[PDB]
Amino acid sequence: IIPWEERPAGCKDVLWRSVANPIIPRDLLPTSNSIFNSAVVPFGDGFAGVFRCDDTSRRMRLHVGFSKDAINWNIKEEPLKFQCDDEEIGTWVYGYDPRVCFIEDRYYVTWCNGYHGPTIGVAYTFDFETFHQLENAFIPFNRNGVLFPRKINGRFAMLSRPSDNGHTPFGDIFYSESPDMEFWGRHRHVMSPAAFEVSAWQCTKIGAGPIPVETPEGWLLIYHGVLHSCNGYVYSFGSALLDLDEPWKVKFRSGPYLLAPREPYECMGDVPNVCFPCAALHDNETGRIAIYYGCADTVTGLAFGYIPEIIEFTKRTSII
């Protein structure tokens, strides 16, 4: 059962923040500087996750966490290490902004992995104890790698985001497929930043956030968008619907954002003015969805909504 808070009285918004935010504090571990941009899945009779925890050396590491209620997290103090037979791909340099999902027979994790620059690291686990590392999916520079939670016409599929070797000032979302979780291709453009005249919260760069959520009306994609002000970037997040069978085809895309930096814990911290969605839990029976997002690259927050309402919002406000 997914975490949930009823929409506040009078609240007109499609998504609403948890009154318990932030749900994960920056100093949960003895050496944590910040814990954000993290992944969460159901597992056993509770929840598991892979967490981005930057330490007091400002190094970026991944940590496994477990939770009974998906809100109060027990995160391992020791960083996760990946088992790999190839010594060269097995070399840890850094890692951030994990996404996790179950595909058919095991859990997969993707992350931004350092291999002569940022690329997409891939690994699996059957038990959230031992993680086995596969080949990096792409050549650098790439980030915001997010798998589909089932095969698409019999292939693995992943969204990604060609980037550069710095604070990237552009970003289109792409789609790729693999028959075997080793060799990737059939690359297709999914979408580009909107024109600032039309939707400026998503006009500098975009990236996939949580694992795509299957609905009868398409893949529900929650994605971040950036606006470039004189004083930096503002990360907000919104919704689109992708075709079921060819998910590089965008059928609707929201004009307004779903969420943008408003609260003190979103506006002040290591990187101000950031809401960055990394994971969602949902229940199709009740339509409920709970969206985890990094706040100011410092802590982790939750927000709630109803899938049918998010669909309706995406279509009614669509800029395509």
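In this text, residue numbers run from 1 along the sequence as written.
Averaging C-alpha B-factors over each stretch, which comes out higher, 297 to 305 or 5 to 13?
-> Of 5 to 13 and 297 to 305, the stretch with the higher C-alpha B-factor average is 5 to 13.
Which of the two stretches, 168 to 176 or 86 to 94, shows the higher mean Cα temperature factor in the record?
-> Per the PDB entry, the higher value belongs to 86 to 94.
Highest Cα B-factor in the deposition, which of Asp283, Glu266, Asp55, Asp270?
-> That would be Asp283.
Looking at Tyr223, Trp184, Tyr107, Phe131, which has the highest Cα B-factor in the entry?
-> Highest C-alpha B-factor among the listed options: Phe131.
Give the position of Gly218 by CA B-factor within its chain, expressed as the lowest, middle or highest third.
-> Middle third of the chain for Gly218's C-alpha B-factor.
Could you say whether, by C-alpha temperature factor, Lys81 belongs to the lowest, middle or highest third of its chain?
-> Highest third, going by the recorded CA B-factors of the chain.
Lowest, middle or highest third: where is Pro247 by Cα B-factor in its chain?
-> Within its chain, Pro247 is a middle-third residue by C-alpha B-factor, going by the deposited values.
Within-chain third of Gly255 by Cα B-factor, per the entry | Answer is lowest: the recorded C-alpha B-factor places it there.
When the modelled residues of the chain are sorted by Cα temperature factor, does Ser32 land in the lowest, middle or highest third?
-> According to the entry, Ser32 has a C-alpha B-factor in the chain's middle third.
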